[PDB]
Amino acid sequence: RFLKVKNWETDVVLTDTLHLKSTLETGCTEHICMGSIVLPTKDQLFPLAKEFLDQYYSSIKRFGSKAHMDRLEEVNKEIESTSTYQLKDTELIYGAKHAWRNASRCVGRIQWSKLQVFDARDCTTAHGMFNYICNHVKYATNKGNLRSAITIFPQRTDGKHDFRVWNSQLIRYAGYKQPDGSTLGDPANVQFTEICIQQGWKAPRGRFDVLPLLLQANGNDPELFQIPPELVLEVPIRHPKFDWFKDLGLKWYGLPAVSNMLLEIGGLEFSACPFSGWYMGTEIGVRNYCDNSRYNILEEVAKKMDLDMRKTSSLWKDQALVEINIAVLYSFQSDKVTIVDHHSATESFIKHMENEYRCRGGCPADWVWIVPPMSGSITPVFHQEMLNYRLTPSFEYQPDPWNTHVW
Amino acid sequence: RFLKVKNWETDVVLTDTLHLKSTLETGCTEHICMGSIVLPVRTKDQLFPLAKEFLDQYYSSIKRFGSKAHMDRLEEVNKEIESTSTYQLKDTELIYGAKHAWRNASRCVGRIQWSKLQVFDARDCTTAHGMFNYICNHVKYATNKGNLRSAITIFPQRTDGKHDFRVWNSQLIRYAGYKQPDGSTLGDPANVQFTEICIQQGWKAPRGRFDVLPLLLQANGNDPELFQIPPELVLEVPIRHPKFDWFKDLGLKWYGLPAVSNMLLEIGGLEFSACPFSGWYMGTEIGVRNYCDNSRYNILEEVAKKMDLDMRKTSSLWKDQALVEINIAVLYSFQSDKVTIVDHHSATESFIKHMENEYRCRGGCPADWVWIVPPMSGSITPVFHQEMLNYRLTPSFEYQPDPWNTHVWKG
Ligand code: HEM
Ligand code: HEM
Ligand SMILES: Cc1cc(N)nc(C[C@@H]2CNC[C@@H]2NCCNCCc2cccc(F)c2)c1
Ligand SMILES: Cc1cc(N)nc(C[C@@H]2CNC[C@@H]2NCCNCCc2cccc(F)c2)c1
Ligand SMILES: C[C@H](O)[C@H](O)[C@H]1CNc2nc(N)[nH]c(=O)c2N1
Ligand SMILES: C[C@H](O)[C@H](O)[C@H]1CNc2nc(N)[nH]c(=O)c2N1
Ligand SMILES: [Zn+2]
């Protein structure tokens, strides 16, 4: 019931009580751990609402007060006659911040309380969505000095009137299959790119073409919009020691903005809720650039470095990997675009865990995601035991909408 | 039930049916995953089912399930249990058992090799001197002048839990750790506690940075006794770097034979509390963990100093650079001296092939991702992108508490 986590580098031991307030299911059983698997009515709504409002009033130190009780009553009245309810602005802001706070896969949660919430619940059209998104992009980007934000569109109703952003991130590059047999641009985005072209996008057929947005409002068929190019801050990638690096032709965008998730607050479901913070360097340099199924540039870089690629045991992949990541961090810094390195981010996260343990009785955390994809054990999170459990409010994965939507 | 795992790099999907044979528990619940927690006297009653389960597996593996020889053995074990409260394994079953514990070790990336274990039966051993001799022979055999061979030595099983055989060293070969009055550590900080016990037992400590610890061996629940492994049997590799000539002057070396001696081997409900086993190193065990953990030799700073990396900011990735160089050095030194070692690229790649084969032939392969993924360069290895299912099969290797915590001292 009371659980301990040990840090094996420092011997520090923390006691987790927060997991008892856990609700959703992990996918693990007593017989089998699924820790590494990427994806493991009116009567339903009111307990969810109550649970949420209870934690809200408790957080503003007004638990069991006459405003608490009054609010529980009002919401129940609204559910009874309307079959849903509307959040107060204060509750929406709290819900959003807590969904980030509870994101067990997110290393960057030391920041969770600083989130700027943009209430777009008055939005009715795809055009409205595009406006709100450009405003999000410009506010968050802040000429390179990034600020975390989320923009929240209307909640699911009967689920036939869903707001969805079809893109997985507000800003991503296109991917194209070629007669050549290989892939140009980002192979992750090949399918989406074709859906764009099929909806009518004029693709420039380049390696780094910022995708158009495909916005769906009120359950209607989605529409295409190009983000104003001057709102998309991008960084050319150079190395502080290697002159030739720049000639690889590499760039990345400054704003990571996840747009395919579902925000659940008080049992209410926000299917379009793009949020953004800023990059940890490894996301770009390790995953985006070096994953086999991504830009996959390791082979080319090692070649420019004249390393011995005859034997895996020369660690040429590893040498090149480091240099790629040095260049990402360098390029972002030189251009004054907020980025954080994996040492600095994981250290801040240990500080955040300790804060959450003393202040909240725990911090749900998924070690498989929290440990950076390079140099794992030289960052402190590697040595830190973590307990993973699902708290609400939460962000949840949701399936790509093209498998769901009917035209 | 059919469980599916996906590789996110190749889109290859596998189907696990073997997790259905799993009985022991994980630490996890539908409400909490303890995937990253390091640690998440038997009855006649419980024992025959465990025996039966084991002998059913064994007899199935040999294509003799339900044979007269199968039923004979079940009856003979049944009788031996009711009569004596325990039972003895046939050599054939011991070997199979020990091979399977390795096969089932979900935290081990080296399992492609599981069927080649050399098993040394040391169940006739009665004394600590007897244990020392068995261990020397294991070391010499496993070492094989650098052409390492995997081996396990199995001492007598638990009886009443008052007469346990134990190796007190966590590995057969490890370096001493000495805590100094100024709070610094000399040698390996991981072994300070054990070193102090060896000293209290009368070991005369050389007090250098790489002093091979003596063996502390407990036979038959008796107080442990100390023994020095003959030095000529302890193969070591001085670490140097192919391009950096100053690297030798750090004065690093490491031993070639990784040999885990603190685990418990369970077969058919029997418990073997002393069962040292050994294979060969994956480079990162030494170059990443042993050298670069902050609570181990911690040489990152001193290496990056000699490399003249910019150390004023973590975002230079000075630590990541120094780490790659150290790991290059480890692999280079081992290869140069013809001591078996495997890089993390080659090891994880072989593991994926092992794992896919295990799915085809066996219906699954329990695997602990947290441990399988190497401690540097995670996602440029194929295992990072591989979904894994972790569950507990027997025969098994289990962690056990250190004996100085539990031992009744006789005097
Ligand atoms: C402020 C800087 C931030 C940093 C450095 C950061 C860092 C990260 C990293 C490295 C990951 C793993 C992502 C991956 O590898 O795909 C992640 C995941 C995640 N982050 Fe954060 N994040 C930040 C801001 C935010 C914000 C503002 C939110 C919500 C408002 C958020 C919510 C999430 C969620 C839900 C995940 C898991 C997403 C998934 O399952 O794909 N993050 N974050
Ligand atoms: C032959 C070459 C082998 C390689 C390259 C290899 C590699 C590894 C590595 C890298 C680990 C995790 C290491 C750590 O961080 O502590 C490990 C764990 C383990 N290995 Fe293997 N191994 C090999 C042979 C064996 C053998 C022969 C056995 C037993 C017969 C074995 C059983 C285990 C067990 C039980 C663990 C978990 C240990 C623990 O929980 O501390 N391995 N192996
Ligand atoms: C199948 C599936 C499930 C799931 N939960 N997720 C995915 C997206 C994948 C996961 N991993 C890479 C890719 N996600 C793309 C990068 N995600 C950035 C997260 C982030 C970083 C910094 C600031 C932020 F606001 C947000 C796919
Ligand atoms: C507390 C605790 C629990 C547990 N299960 N385990 C430990 C030993 C830890 C694991 N990680 C560092 C340290 N022990 C390192 C020794 N591991 C060598 C594994 C190996 C490699 C190659 C060939 C072999 F035969 C065996 C501690
Ligand atoms: C199979 C495995 O769960 C998968 O590759 C995970 C591992 N850890 C990860 N960690 C992060 N931060 N992001 C990822 O996309 C993944 N992928
Ligand atoms: C907390 C965490 O589970 C712990 O540090 C683990 C992580 N993964 C590991 N993986 C290996 N192979 N060996 C280890 O000692 C550890 N330590
Ligand atoms: Zn689990």
Side-chain angles (χ1 to χ4, degrees), chain A residues 26-40 96-117 140 146-152 168-169 188 255-263 273-284 286-288 291 293-294 338-342 344-346 348-349 366-373 376 387-389 393-398, chain B residues 5-9 26-37 40 367-370 372-373 378-379 381-391:
Chain A
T26 53
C28 302
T29 80
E30 312 90 76
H31 290 283
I32 176 151
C33 178
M34 296 205 178
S36 66
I37 309 313
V38 177
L39 311 161
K97 281 177 179 186
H98 281 72
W100 182 11
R101 194 189 192 163
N102 299 339
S104 79
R105 292 177 164 162
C106 180
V107 70
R109 288 176 275 162
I110 191 165
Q111 288 300 311
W112 72 269
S113 74
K114 292 174 213 83
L115 187 69
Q116 173 58 223
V117 177
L146 309 187
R147 302 175 278 194
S148 76
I150 178 162
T151 292
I152 303 163
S168 47
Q169 292 185 35
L255 192 70
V258 167
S259 53
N260 57 354
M261 293 204 79
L262 184 150
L263 171 52
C273 62
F275 60 87
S276 61
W278 55 76
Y279 267 119
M280 177 167 76
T282 55
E283 302 180 72
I284 301 172
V286 182
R287 300 306 311 289
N288 297 347
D291 278 8
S293 61
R294 296 303 291 293
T338 313
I339 190 157
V340 63
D341 70 77
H342 50 291
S344 160
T346 53
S348 80
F349 183 77
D366 181 343
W367 193 100
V368 172
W369 287 56
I370 298 286
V371 173
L387 284 166
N388 191 209
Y389 48 94
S394 57
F395 292 104
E396 305 287 7
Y397 180 76
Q398 79 189 310
Chain B
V5 301
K6 183 173 172 170
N7 189 292
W8 286 85
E9 189 205 334
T26 55
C28 299
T29 74
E30 289 97 293
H31 291 110
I32 204 149
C33 170
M34 315 235 296
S36 66
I37 310 298
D368 182 343
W369 192 102
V370 168
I372 294 291
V373 179
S379 77
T381 74
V383 289
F384 180 99
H385 307 274
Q386 184 68 50
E387 296 189 343
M388 293 176 198
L389 287 174
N390 194 203
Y391 48 83

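Basis for what follows: all heavy atoms, side chains included, without hydrogens, waters or symmetry-related copies. Naming: A, B, ... by sequence-line order, numbering from 1 per chain. Ligands are counted one by one from 1 in listed order, and the atoms in each one are counted from 1 as well.
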Once rounded to 10°, what is the value of the angle centred on the Zn ion (ligand 7) between B/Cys28 SG and B/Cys33 SG? 110°

If the plane angle is over 60° it's perpendicular, under 30° parallel, otherwise tilted; pick one for A/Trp367 and B/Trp369. perpendicular

Minimal heavy-atom distance between A/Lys97 and A/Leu115, with the atoms involved, is CE-O, 3.4 Å

For atom 12 (N) of ligand 5, grab the closest protein heavy atom and report residue, atom and distance to one decimal in Å. A/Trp369 O, 3.1 Å

Nearest heavy atom to atom 3 (O) of ligand 5 wins, so pick from B/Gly378, A/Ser36, B/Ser379. A/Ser36

Under 3.5 Å, is there a donor-acceptor pair between the side chain of A/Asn102 and the main chain of A/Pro393? yes

Within-shell test, A/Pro372 vs ligand 1, heavy atom, strictly < 4.0 Å: no

Atoms of ligand 1, numbered as shown, that sit under 4.0 Å from any heavy atom of A/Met280: 10 (C)

Just need the protein heavy atom nearest to atom 13 (C) of ligand 1, so name the residue and atom and give the distance. A/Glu283 OE1, 4.0 Å

For atom 7 (C) of ligand 5, the closest protein heavy atom turns out to be B/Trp369 CZ2, 3.4 Å

For A/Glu30 and B/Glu30, the nearest pair of non-hydrogen atoms, with its separation, is OE2-OE1, 3.2 Å

Shortest protein heavy-atom distance from atom 17 (N) of ligand 5, along with the residue and atom involved: B/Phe384 CE2, 3.9 Å

What are the atoms of ligand 1, with element, lying closer than 4.0 Å to any heavy atom of A/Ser276? 27 (C)

Can you find a protein heavy atom closer to atom 15 (O) of ligand 1 than 4.0 Å? no

Does the A/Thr26 side chain pair with the main chain of B/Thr29, one donor and one acceptor, at a distance under 3.5 Å? yes

Looking only at protein heavy atoms, which one is nearest to atom 38 (C) of ligand 1, and what is the separation? A/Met261 SD, 3.9 Å

Could you pull out, from A/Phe395, A/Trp112, A/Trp100, the option with a heavy atom nearest to atom 35 (C) of ligand 1? A/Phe395

Considering heavy atoms of the protein only, find what lies nearest to atom 41 (O) of ligand 1 and give residue, atom and distance to 0.1 Å. A/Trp369 CZ3, 3.9 Å

All heavy atoms of B/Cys33 vs all of A/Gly35, minimum pair found to be SG-CA, 4.0 Å

On a heavy-atom basis, which atom in A/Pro372 and which in A/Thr346 lie closest, and how many Å separate them? CG-CG2, 3.6 Å

Any sub-3.5 Å donor-acceptor pair from A/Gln398's side-chain atoms to A/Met261's backbone N or O? yes

Atom 19 (C) of ligand 1: which of A/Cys106, A/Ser104, A/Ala149 has the nearest heavy atom? A/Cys106

Just go through B/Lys6, A/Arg287, A/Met280, B/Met388 and tell me whose heavy atom is the nearest to atom 16 (C) of ligand 5. A/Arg287

Do A/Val368 and ligand 5 have an N or O pair less than 3.5 Å apart? yes

Could you find the nearest protein heavy atom to atom 18 (C) of ligand 1 and give me its residue, atom name and distance? A/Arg105 O, 3.8 Å

Is the closest heavy atom of A/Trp278 to ligand 1 under 4.0 Å? yes

Please state whether A/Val107 comes within less than 4.0 angstrom of ligand 1, counting heavy atoms only. yes

Nearest-contact summary for atom 29 (C) of ligand 1 - protein heavy atom, Å: A/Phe275 CD1, 3.3 Å

Could you tell me whether A/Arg287 approaches ligand 1 through its side chain, its backbone, both or neither, with non-hydrogen atoms closer than 4.0 Å? neither

If we ignore hydrogens and angles and just use 3.5 Å, is the side chain of A/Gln169 paired with the main-chain N or O of A/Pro256 as donor and acceptor? no

Shortest non-hydrogen contact between A/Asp291 and B/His385, atoms and distance: OD1-CE1, 3.4 Å

Can you name the closest pair of heavy atoms from A/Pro373 and A/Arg287 and give their distance? CB-CD, 3.8 Å

